[PDB]
Amino acid sequence: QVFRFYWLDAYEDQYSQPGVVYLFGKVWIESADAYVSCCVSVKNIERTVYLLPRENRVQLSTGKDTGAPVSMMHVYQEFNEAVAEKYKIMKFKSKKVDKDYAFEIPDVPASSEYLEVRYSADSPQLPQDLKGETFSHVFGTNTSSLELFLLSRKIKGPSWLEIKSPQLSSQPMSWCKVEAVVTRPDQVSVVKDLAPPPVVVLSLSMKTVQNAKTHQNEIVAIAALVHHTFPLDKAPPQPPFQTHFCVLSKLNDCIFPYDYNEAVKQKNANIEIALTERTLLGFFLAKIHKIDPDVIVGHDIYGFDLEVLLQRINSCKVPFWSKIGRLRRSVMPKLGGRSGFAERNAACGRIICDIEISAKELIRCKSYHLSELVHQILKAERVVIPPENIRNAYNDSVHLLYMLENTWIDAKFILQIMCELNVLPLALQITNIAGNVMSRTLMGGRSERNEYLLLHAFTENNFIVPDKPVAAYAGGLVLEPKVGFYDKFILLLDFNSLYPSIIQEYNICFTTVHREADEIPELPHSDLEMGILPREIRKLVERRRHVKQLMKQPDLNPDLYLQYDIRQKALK
DNA sequence: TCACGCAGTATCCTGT
RNA sequence: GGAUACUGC
Ligand SMILES: Nc1nc2c(ncn2[C@H]2C[C@H](O)[C@@H](COP(=O)(O)OP(=O)(O)OP(=O)(O)O)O2)c(=O)[nH]1
Ligand SMILES: [Mg+2]
Ligand SMILES: [Mg+2]
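Residues numbered from 1 in each chain as written, not as in the entry; some residues may be left out. Chains lettered and ligands numbered in written order. Part of a larger assembly, values for the part shown. Heavy atoms only, no water.

In terms of determination method and resolution, the entry is listed under cryo-EM at 11.16 Å.

Enquirer: Break down the protein's contact with DNA strand B for me, citing the residues and quoting the values.
Expert: Neighbouring residues of DNA strand B: 14 residues in total, closest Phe341, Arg440, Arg446, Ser447 and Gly475. Put simply, 88% of the atoms of DNA strand B that lie within 4 Å of the protein are in sugar or phosphate. A distance of 3.0 Å separates a phosphate oxygen of DNA strand B from a polar side-chain atom of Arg440. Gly475 is positioned with one of its backbone polar atoms (N or O) 3.2 Å from a phosphate oxygen of DNA strand B. (Near = heavy atom within 4 Å. Polar contact = N/O pair within 3.5 Å; in protein donor to acceptor, adjacent residues only side chain to side chain.)

Enquirer: If you had to explain the pattern of salt bridges to someone new, which residues and values would you point to?
Expert: Inspection of the entire model under this criterion finds 18 salt bridges. Taking the shortest distance from any N to any O, the salt bridge between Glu116 and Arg118 comes out at 3.3 Å. When its relative accessible area of 36% is taken as the criterion, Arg118 is described as partly exposed. In this structure, the salt-bridge partner of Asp410 is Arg382, at a minimum N-O distance of 2.9 Å. Note that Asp410 is positioned in helix 10 (residues 397-421) and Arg382 in the loop between helix 8 (370-378) and helix 9 (387-392), a separation of 28 residues in sequence. Within the structure, one salt-bridge network assembled from shared partners comprises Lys26, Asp292, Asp294, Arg326 and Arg350. (Salt bridge = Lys/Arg side-chain N within 4 Å of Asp/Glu carboxyl O. Buried < 20%, exposed > 50% of the residue type's maximum accessible area, 1.4 Å probe, protein only. Helix = DSSP H or I, 4+ residues; strand = E, 2+ residues; numbered from the N terminus.)

Enquirer: Outline a positive patch on the surface, supporting the account with residue identities and numerical values.
Expert: Taken together, the side chains of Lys154, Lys156, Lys192, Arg538, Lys539 and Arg543 define a basic patch exposed on the protein surface. Summarising the element assignment, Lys154 is placed in the loop between helix 2 (145-152) and strand 10 (159-163). (Patch = residues over 30% accessible without salt bridge, like charges linked within 9 Å, V, L, I, M, F, W, Y side chains within 5 Å. Areas by Shrake-Rupley, 256 points an atom, 1.4 Å probe, with all protein chains shown as cover. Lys, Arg positive; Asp, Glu negative; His and termini not counted. Charge placed at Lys NZ, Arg CZ, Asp CG, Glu CD.)

Enquirer: Give a description of the environment of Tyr50 that names residues and reports values.
Expert: Relative to the helices and strands, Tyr50 is located in strand 4 (residues 47-53). Ignoring anything within four residues of it in the chain, the contact list for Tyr50 reads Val97, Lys99, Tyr114, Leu115, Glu116, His137, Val138, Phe139 and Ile464. Polar contacts involving the side chain of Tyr50 include one to the side chain of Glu116, which spans 3.4 Å. (Contact = heavy atoms within 4.5 Å.)

Enquirer: Tell me about the coordination of the magnesium ion (ligand 2), residues and numbers included.
Expert: At this site the magnesium ion (ligand 2) is bound by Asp494 (OD) and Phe495 (O), with donor distances of 1.9 to 2.2 Å. Summarising the burial analysis for this pair, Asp494 and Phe495 share the class exposed. (Donors = N, O, S within 2.8 Å, 3.2 Å for Na, K, Ca; no water.)

What follows is the structure, given as structure tokens:
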């Protein structure tokens, strides 16, 4: 009955299904003695809000202070009588909680007795600035469902979760092989000290052509390399790909050179030749559904690959577009938006790895084009197929097979680059340290990681976190140099983790320094206890130090050494 | 729906 | 005065 599964990604739709979080991952099946994809739907993640009592009753901010002391009973009565009826809230459960607070909202004391209201997510949402007669502020009005789930259940990054008393599904809700429904969030718990399971990986490369009339890109070839046991905590497997599949479609005008049959017959049986782009897209979707990859990797996947894939699927009305993702949906996500959030939603439940973003984050190169990346990482030369020659290649079997093999080689290069940098294990480590979702980590950026790190740190220590938002100061000192040439030994003395060590030493934190809503605040007293930000910083620093010790091991492999270096950099 | 800070060097342009 | 780059920590 107890469902033990490893979770990799989480998807929520704030507008369609309120209070539902779709976790995806892997579960172990003895009948097949293997790992299969699973989708668990956590339901009824009730909204939680915190009301801050006033010190003296105020006549709806009209008569100002009245002098009547306020207790939690007064706040509960005010919420039950006025607010609930006004905002159409039917049923709710309220309690009292003593919580601390130190952030950028004035008049909020350090430690106060808040009233915690828990009510379903189907009801309307209270306004942020809602002020009554006994409470002066409301916190948590717009908190998301996924954030509430992760913070309440103390879930940090991919891990093993146990579910007590799972329930089946009345109708299918996902393209996975195993499904379960949790009627409460308290039924999910995290089990520590277990190894990560293998995860399938699919590296895909597309070759297209721009039809001038429509100025729209048309797909003519796709190649994919698939590994069914890619590890998340060990070195990449050699070779980096187990199986492969290639699909090639004739253009809307040109025809094969009356020898493609013999060419494919004599080459191999893994190449699928289709006549219309609709068939190509359908076969690709079916193959993706059958393989069921947890990680899909590519170059410019967010920018060009997935966007063109979805555009062509919409244009060709290819049935079952939702196969591209892991959740069965009827309306396609709107095409557009910043970065690739629309593309991410289209592939909900499947981690997407763009080697461009990871290369930008991890290493430094003059250009992040695929050719330059292959030159700098794999140390190999990649041939380039001119855009104007792909169309003309539909005149001989040899040229068409060469084009398909070029796509295959591009896919292999992408997979090799992914393996070299340890993109996946490093992403897992960073996600576990921070506590965000893996797809967010692999989409790039730094703000989300620290945001979730501090969110977890504060929630664990009984704090009320801020509400999500809806050369400004002096920096370092650069001494004036004595420019010239020096032919004698120059000794460079550098501080170790300067700013983190400053935060630790002087105890700089939200709960220590006394801010006032552009002057430098005074240093905190030395009689206090270490805050949250210092402690977290210390943890990170120690991690880095340990990695450095590993780097110091004598007689270590070069490549591994380099990997360690990268890790160090990341942590720093 | 997004996005780490600041200090510093190098190059180039200002019509209707 | 502005604009465009990318090094350093
Ligand atoms: N916000 C921010 N600050 C940085 C970054 N890189 C360096 N700094 C700042 C904060 C560091 O404490 C300070 C000192 O630079 P260093 O390169 O010597 O790093 P640090 O001393 O922290 O560690 P290390 O000497 O490499 O062991 O410069 C950065 O990428 N972002
Ligand atoms: Mg330093
Ligand atoms: Mg000036």
